[PDB]
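Please read the structure below before turning to the comments.
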Amino acid sequence: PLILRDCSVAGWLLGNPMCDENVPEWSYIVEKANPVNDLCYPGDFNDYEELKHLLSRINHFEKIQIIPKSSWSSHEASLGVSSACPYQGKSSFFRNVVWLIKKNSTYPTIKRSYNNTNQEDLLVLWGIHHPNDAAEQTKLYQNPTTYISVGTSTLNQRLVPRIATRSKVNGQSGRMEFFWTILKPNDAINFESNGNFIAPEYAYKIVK
Amino acid sequence: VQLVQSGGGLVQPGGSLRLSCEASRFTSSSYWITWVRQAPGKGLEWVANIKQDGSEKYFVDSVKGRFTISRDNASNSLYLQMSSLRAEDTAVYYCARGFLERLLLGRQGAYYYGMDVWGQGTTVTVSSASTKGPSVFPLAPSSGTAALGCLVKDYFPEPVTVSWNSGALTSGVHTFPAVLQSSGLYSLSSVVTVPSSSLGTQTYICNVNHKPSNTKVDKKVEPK
Amino acid sequence: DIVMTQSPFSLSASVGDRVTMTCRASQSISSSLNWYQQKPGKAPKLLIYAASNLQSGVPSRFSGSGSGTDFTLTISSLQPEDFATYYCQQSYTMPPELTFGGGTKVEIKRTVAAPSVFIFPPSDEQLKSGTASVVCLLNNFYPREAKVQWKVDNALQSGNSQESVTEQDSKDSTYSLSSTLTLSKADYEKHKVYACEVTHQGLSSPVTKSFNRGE
Ligand SMILES: *[C@@H]1O[C@H](CO)[C@@H](O[C@@H]2O[C@H](CO)[C@@H](O)[C@H](O)[C@H]2NC(C)=O)[C@H](O)[C@H]1NC(C)=O
Ligand SMILES: *[C@@H]1O[C@H](CO)[C@@H](O)[C@H](O)[C@H]1NC(C)=O
């Protein structure tokens, strides 16, 4: 059985900066009751309970790199951090995903893709940012109206960000919603978006 | 963004009453408005949750069947229709707006809802008595610091509001809780301390207001 | 049905001390617990959101913690303006219902302060109406325990007066008391000396303020 050291399953998968992050081939997952290394940025994890039951009986887990952070020539991929996600007194973010911002006051549409060229199933994660108001939307992504289109051979979804006056959690009033699909071998996930996109950097080759 | 209540006052047992929670700005939407009441002296108790558009509504057990939500589609007004009112409903009714969301803060997600913008509150009195406006008598100082005030006597129901110099004088003001007399009417005092030197240089006027009886009185208080 | 319980019922603490109050739920509500502050004669103000998140415009001395069924609100350095009742509220069952707790009253402990006594004869406008109201004012004192005694022509009064005490002030943490002696115009014009005698811990000997009806 795996013993997560004061981290939630989501915080470890997305790579929480405060979470240390192990030896694979476990028989059960064991997390804290109220782990301090939560989702540093406020939000939710879609189908979170179904992902936990799917990882209880595993045989191999290895963090591969599906998309390098240096592979972002058309967007800003380093200014994406928040006070709610600290590391050594400095603002950070989840290590396994990339918060993309606009570069030179422009944000073109993304159409990058990736095929699973591995003999094992591939678990990939991604998220959407829900800004505070219209002014924050233009300040981060310029484009007022935006969307996210994630598509696999067995998945098709279109995410639209929402805007509302929310209370502060861990400091910020913004929110982030995280999703996950399984990528069987010889299949490709297709991403199309024009803002509010939390792109993946590392994935997980799993085997049950 | 502000909230304002409207529609409170006196009502006979078994009567009806309409309450409105009017927002003061344009809505981003997918908020809820929550009615919270507070009987005299007691604490806060939840009354109802209403989606701001009016699709969903939920009520506390005490008011189920008696309380409803109605709409006047001729205007843009959402009403809380209180009906079959009884004495247990005499309270101050607050409306507040909160944002409902699902968050992950632990092993599993849950619903989170914080009421972050509140109204000023509206008073609902359920009684068979008649509405009576108050008489306003001065509490004049008699020859350090001097004290003067206003006596607001014989009124029903609660509340009255007393200000001094149209809100320009707040320091040293003490508006006391109203006491109920043997006649079934209320009477409170509002005093203010003032330097002796200010009695000749300043004029002090108290502004009382009794919304149930549509009574506004400005009483000039001069030294005797 | 979730039942929210708060402890203690009330507490008295000096300015600067740390105040601790607890909130309990009859079943696990995760972190969906919020703390509200209600100052006297005002609407509740949201202080803590989701058990432990400060909201904008709230002093940092307010701290929240807890999870499951056990939650704590803490004031690191009590200030006079913090005099209020604090409520915990559960949103784990939203939308169909939410529930509040019983509330904890936070009172301020400060130094004994003697009251300032004032007496007001009835107005001429009121005497033309049939009744006479004699008002006695005890201004800015601590603690609340005070005794007011009416003496009409040195004769003790009983059964014809009513008191009212303000809530603890948000600046000097004192109380103020109004006492109204009500008489009929016929009874009022019979006597001459109207006195208000005040006894309080901060007074060495009882203070008496009086006036002659024809003065
Ligand atoms: C005021 O008008 C609204 C419609 O704008 C009424 O609401 C229901 O609204 C839904 C919208 O999805 C319609 O499909 C229903 O036909 C409406 N019902 C009725 C009876 O019109 C709302 O009921 C109206 N207010 C009142 C008091 O009837
Ligand atoms: C992934 O999908 C096909 C499946 O046969 C594979 O051959 C190809 O190399 C990849 N294509 C894309 C567009 O990624």
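Chain lettering (A, B, ...) mirrors the order of the structure tokens, residue numbering begins at 1 for each chain separately, and ligand numbering begins at 1 in order of display.
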
- [ ] Set the cut-off to 9 Å, count only C-alpha atoms and all ligand atoms, and list whatever residues fall near ligand 1 as a VMD selection string.
- [x] chain B and resid 54 to 55 69 to 74

Taking only C-alpha atoms into account, find every residue of chain A that has an atom no more than 7 Å from chain C, and write it out as a short mmCIF file (atom, residue, chain, number, x, y, z; two decimals) with N, CA and C atoms, in the first residue's frame.
```cif
data_model
loop_
_atom_site.label_atom_id
_atom_site.label_comp_id
_atom_site.auth_asym_id
_atom_site.auth_seq_id
_atom_site.Cartn_x
_atom_site.Cartn_y
_atom_site.Cartn_z
N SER A 167 -16.13 34.20 -2.77
CA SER A 167 -15.34 34.41 -1.57
C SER A 167 -13.91 33.93 -1.80
N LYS A 168 -13.01 34.37 -0.92
CA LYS A 168 -11.60 34.04 -1.04
C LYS A 168 -11.32 32.71 -0.34
N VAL A 169 -10.66 31.80 -1.06
CA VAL A 169 -10.17 30.54 -0.52
C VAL A 169 -8.67 30.50 -0.76
N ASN A 170 -7.90 30.24 0.30
CA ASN A 170 -6.44 30.27 0.25
C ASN A 170 -5.92 31.59 -0.32
#
```

Around ligand 2, which protein and nucleic acid residues have at least one atom no more than 9 Å from it, if we count only C-alpha atoms and all ligand atoms? List them as a PDB file with N, CA, C and O atoms, in the first residue's frame.
```pdb
ATOM      1  N   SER A 113      -1.572  18.482 -30.149  1.00  0.00           N
ATOM      2  CA  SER A 113      -2.097  17.141 -29.937  1.00  0.00           C
ATOM      3  C   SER A 113      -0.959  16.222 -29.515  1.00  0.00           C
ATOM      4  O   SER A 113       0.215  16.599 -29.538  1.00  0.00           O
ATOM      5  N   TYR A 114      -1.323  14.998 -29.130  1.00  0.00           N
ATOM      6  CA  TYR A 114      -0.341  14.011 -28.698  1.00  0.00           C
ATOM      7  C   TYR A 114      -0.943  12.618 -28.813  1.00  0.00           C
ATOM      8  O   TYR A 114      -2.033  12.369 -28.292  1.00  0.00           O
ATOM      9  N   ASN A 115      -0.225  11.719 -29.483  1.00  0.00           N
ATOM     10  CA  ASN A 115      -0.589  10.311 -29.569  1.00  0.00           C
ATOM     11  C   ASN A 115       0.190   9.523 -28.524  1.00  0.00           C
ATOM     12  O   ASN A 115       1.361   9.811 -28.258  1.00  0.00           O
ATOM     13  N   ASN A 116      -0.466   8.522 -27.941  1.00  0.00           N
ATOM     14  CA  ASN A 116       0.151   7.660 -26.933  1.00  0.00           C
ATOM     15  C   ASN A 116       0.987   6.603 -27.645  1.00  0.00           C
ATOM     16  O   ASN A 116       0.460   5.602 -28.134  1.00  0.00           O
ATOM     17  N   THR A 117       2.301   6.825 -27.703  1.00  0.00           N
ATOM     18  CA  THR A 117       3.227   5.911 -28.361  1.00  0.00           C
ATOM     19  C   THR A 117       3.844   4.904 -27.398  1.00  0.00           C
ATOM     20  O   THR A 117       4.986   4.472 -27.604  1.00  0.00           O
ATOM     21  N   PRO A 185      -3.303   2.906 -25.879  1.00  0.00           N
ATOM     22  CA  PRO A 185      -2.238   2.965 -26.887  1.00  0.00           C
ATOM     23  C   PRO A 185      -2.789   3.190 -28.286  1.00  0.00           C
ATOM     24  O   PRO A 185      -3.905   2.778 -28.615  1.00  0.00           O
ATOM     25  N   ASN A 186      -1.985   3.866 -29.110  1.00  0.00           N
ATOM     26  CA  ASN A 186      -2.331   4.184 -30.497  1.00  0.00           C
ATOM     27  C   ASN A 186      -3.590   5.044 -30.589  1.00  0.00           C
ATOM     28  O   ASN A 186      -4.373   4.919 -31.534  1.00  0.00           O
ATOM     29  N   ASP A 187      -3.792   5.919 -29.608  1.00  0.00           N
ATOM     30  CA  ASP A 187      -4.856   6.910 -29.645  1.00  0.00           C
ATOM     31  C   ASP A 187      -4.275   8.263 -29.265  1.00  0.00           C
ATOM     32  O   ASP A 187      -3.262   8.345 -28.564  1.00  0.00           O
ATOM     33  N   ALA A 188      -4.920   9.326 -29.737  1.00  0.00           N
ATOM     34  CA  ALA A 188      -4.435  10.681 -29.526  1.00  0.00           C
ATOM     35  C   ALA A 188      -5.523  11.542 -28.901  1.00  0.00           C
ATOM     36  O   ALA A 188      -6.690  11.469 -29.297  1.00  0.00           O
ATOM     37  N   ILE A 189      -5.131  12.352 -27.922  1.00  0.00           N
ATOM     38  CA  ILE A 189      -6.013  13.361 -27.345  1.00  0.00           C
ATOM     39  C   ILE A 189      -5.776  14.674 -28.078  1.00  0.00           C
ATOM     40  O   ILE A 189      -4.627  15.076 -28.297  1.00  0.00           O
ATOM     41  N   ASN A 190      -6.859  15.337 -28.468  1.00  0.00           N
ATOM     42  CA  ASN A 190      -6.795  16.581 -29.223  1.00  0.00           C
ATOM     43  C   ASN A 190      -7.296  17.727 -28.358  1.00  0.00           C
ATOM     44  O   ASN A 190      -8.409  17.667 -27.823  1.00  0.00           O
TER      45      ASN A 190
END
```

TODO: Within range 43-164 of chain C, find each residue whose DSSP state, derived from the backbone, is strand (DSSP E or B), and express the selection as number ranges by chain.
DONE: C: 45-49, 53-54, 62-67, 70-75, 84-90, 99-100, 104-109, 113, 116-120, 131-142, 146-152, 155-156, 161-164

Excluding residue 87 in chain A and residues on its chain fewer than 6 positions from it, collect all residues at most 12 Å away from it, counting only C-alpha atoms, and give them as a PDB file with C-alpha atoms, in the first residue's frame.
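See result_1.pdb below for the written result:
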```pdb
ATOM      1  CA  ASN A  16       1.524  20.203  -5.552  1.00  0.00           C
ATOM      2  CA  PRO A  17       4.644  22.322  -4.857  1.00  0.00           C
ATOM      3  CA  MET A  18       4.457  21.685  -1.114  1.00  0.00           C
ATOM      4  CA  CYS A  19       3.883  17.956  -1.670  1.00  0.00           C
ATOM      5  CA  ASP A  20       7.231  16.160  -1.573  1.00  0.00           C
ATOM      6  CA  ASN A  37      -1.347  19.782   0.771  1.00  0.00           C
ATOM      7  CA  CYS A  40      -3.436  24.803  -3.451  1.00  0.00           C
ATOM      8  CA  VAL A  81       1.753  31.283 -10.435  1.00  0.00           C
ATOM      9  CA  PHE A  93       1.895  26.322  -9.193  1.00  0.00           C
ATOM     10  CA  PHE A  94       1.307  22.634  -9.861  1.00  0.00           C
ATOM     11  CA  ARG A  95       4.486  21.180 -11.339  1.00  0.00           C
TER      12      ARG A  95
END
```

- [ ] Considering only C-alpha atoms, extract the chain A residues located within 10 Å of chain B and return them as a PyMOL selection string.
- [x] chain A and resi 7-10+31-40+42-46+48-49+133+162-167+169+175-177

Would you save the residues from that selection as a short mmCIF file (atom, residue, chain, number, x, y, z; two decimals), in the first residue's frame, using N, CA, C and O atoms?
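Ended up saving to again30.cif:
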```cif
data_model
loop_
_atom_site.label_atom_id
_atom_site.label_comp_id
_atom_site.auth_asym_id
_atom_site.auth_seq_id
_atom_site.Cartn_x
_atom_site.Cartn_y
_atom_site.Cartn_z
N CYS A 7 -0.56 14.47 1.81
CA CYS A 7 -1.05 15.01 0.55
C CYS A 7 -2.33 14.29 0.15
O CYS A 7 -2.53 13.11 0.46
N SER A 8 -3.20 15.02 -0.54
CA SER A 8 -4.34 14.40 -1.19
C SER A 8 -3.90 13.71 -2.48
O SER A 8 -2.83 14.00 -3.02
N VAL A 9 -4.73 12.78 -2.95
CA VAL A 9 -4.42 12.09 -4.20
C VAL A 9 -4.33 13.09 -5.35
O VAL A 9 -3.45 12.98 -6.21
N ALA A 10 -5.21 14.08 -5.36
CA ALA A 10 -5.17 15.10 -6.41
C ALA A 10 -3.92 15.96 -6.30
O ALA A 10 -3.29 16.28 -7.31
N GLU A 31 -4.36 8.02 2.29
CA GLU A 31 -4.18 9.47 2.39
C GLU A 31 -4.57 9.94 3.78
O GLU A 31 -5.21 9.23 4.56
N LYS A 32 -4.17 11.18 4.09
CA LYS A 32 -4.50 11.76 5.38
C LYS A 32 -5.99 12.05 5.47
O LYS A 32 -6.73 12.00 4.49
N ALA A 33 -6.44 12.37 6.69
CA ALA A 33 -7.85 12.70 6.91
C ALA A 33 -8.18 14.07 6.33
O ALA A 33 -9.08 14.20 5.49
N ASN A 34 -7.46 15.10 6.76
CA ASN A 34 -7.59 16.45 6.23
C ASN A 34 -6.20 16.92 5.82
O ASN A 34 -5.56 17.71 6.52
N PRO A 35 -5.71 16.45 4.67
CA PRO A 35 -4.32 16.75 4.30
C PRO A 35 -4.12 18.22 4.00
O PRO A 35 -4.94 18.86 3.34
N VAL A 36 -3.00 18.76 4.49
CA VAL A 36 -2.72 20.19 4.32
C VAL A 36 -2.37 20.51 2.88
O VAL A 36 -2.69 21.60 2.38
N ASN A 37 -1.71 19.59 2.18
CA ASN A 37 -1.35 19.78 0.77
C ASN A 37 -2.54 19.43 -0.11
O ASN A 37 -2.59 18.41 -0.80
N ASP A 38 -3.54 20.31 -0.07
CA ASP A 38 -4.77 20.14 -0.83
C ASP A 38 -4.57 20.61 -2.26
O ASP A 38 -3.44 20.66 -2.75
N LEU A 39 -5.66 20.94 -2.95
CA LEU A 39 -5.57 21.74 -4.17
C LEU A 39 -5.20 23.15 -3.76
O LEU A 39 -6.05 23.92 -3.30
N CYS A 40 -3.91 23.49 -3.88
CA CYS A 40 -3.44 24.80 -3.45
C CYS A 40 -4.28 25.92 -4.06
O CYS A 40 -4.70 26.85 -3.36
N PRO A 42 -7.85 27.11 -5.40
CA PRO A 42 -9.21 26.64 -5.09
C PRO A 42 -9.91 26.09 -6.33
O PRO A 42 -9.74 26.60 -7.44
N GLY A 43 -10.71 25.06 -6.12
CA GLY A 43 -11.47 24.48 -7.22
C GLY A 43 -11.97 23.09 -6.86
O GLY A 43 -12.23 22.79 -5.70
N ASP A 44 -12.08 22.26 -7.90
CA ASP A 44 -12.62 20.92 -7.76
C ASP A 44 -11.94 20.00 -8.76
O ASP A 44 -11.31 20.46 -9.72
N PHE A 45 -12.07 18.70 -8.53
CA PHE A 45 -11.51 17.67 -9.40
C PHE A 45 -12.67 16.81 -9.90
O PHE A 45 -13.32 16.12 -9.12
N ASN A 46 -12.92 16.86 -11.21
CA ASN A 46 -14.07 16.17 -11.78
C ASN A 46 -13.86 14.66 -11.76
O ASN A 46 -12.78 14.16 -12.08
N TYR A 48 -13.56 12.72 -9.25
CA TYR A 48 -12.43 12.45 -8.36
C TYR A 48 -12.56 11.09 -7.69
O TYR A 48 -11.57 10.38 -7.53
N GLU A 49 -13.78 10.71 -7.31
CA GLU A 49 -13.98 9.43 -6.63
C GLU A 49 -13.74 8.26 -7.58
O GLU A 49 -13.21 7.22 -7.17
N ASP A 133 -13.50 38.36 -12.93
CA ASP A 133 -14.38 39.27 -13.65
C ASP A 133 -13.89 39.40 -15.08
O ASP A 133 -12.89 38.79 -15.48
N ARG A 162 -16.60 30.23 -16.41
CA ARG A 162 -17.63 31.05 -15.79
C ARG A 162 -17.00 32.15 -14.94
O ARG A 162 -15.86 32.04 -14.49
N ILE A 163 -17.78 33.21 -14.72
CA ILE A 163 -17.31 34.40 -14.02
C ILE A 163 -18.32 34.75 -12.94
O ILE A 163 -19.52 34.87 -13.22
N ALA A 164 -17.84 34.93 -11.71
CA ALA A 164 -18.72 35.25 -10.59
C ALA A 164 -17.91 35.88 -9.46
O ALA A 164 -16.69 35.69 -9.37
N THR A 165 -18.61 36.62 -8.61
CA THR A 165 -18.01 37.24 -7.43
C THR A 165 -18.01 36.21 -6.30
O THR A 165 -19.04 35.97 -5.67
N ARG A 166 -16.85 35.62 -6.03
CA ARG A 166 -16.74 34.52 -5.08
C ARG A 166 -15.94 34.95 -3.86
O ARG A 166 -15.18 35.92 -3.88
N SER A 167 -16.13 34.20 -2.77
CA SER A 167 -15.34 34.41 -1.57
C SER A 167 -13.91 33.93 -1.80
O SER A 167 -13.62 33.17 -2.73
N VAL A 169 -10.66 31.80 -1.06
CA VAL A 169 -10.17 30.54 -0.52
C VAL A 169 -8.67 30.50 -0.76
O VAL A 169 -8.21 30.73 -1.89
N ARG A 175 -11.15 30.17 -9.43
CA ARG A 175 -11.36 28.74 -9.29
C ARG A 175 -10.75 28.02 -10.48
O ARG A 175 -10.51 28.60 -11.54
N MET A 176 -10.49 26.72 -10.29
CA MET A 176 -9.96 25.87 -11.34
C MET A 176 -10.62 24.50 -11.26
O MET A 176 -10.75 23.93 -10.17
N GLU A 177 -11.02 23.97 -12.41
CA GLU A 177 -11.70 22.68 -12.50
C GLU A 177 -10.82 21.74 -13.31
O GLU A 177 -10.47 22.04 -14.45
#
```
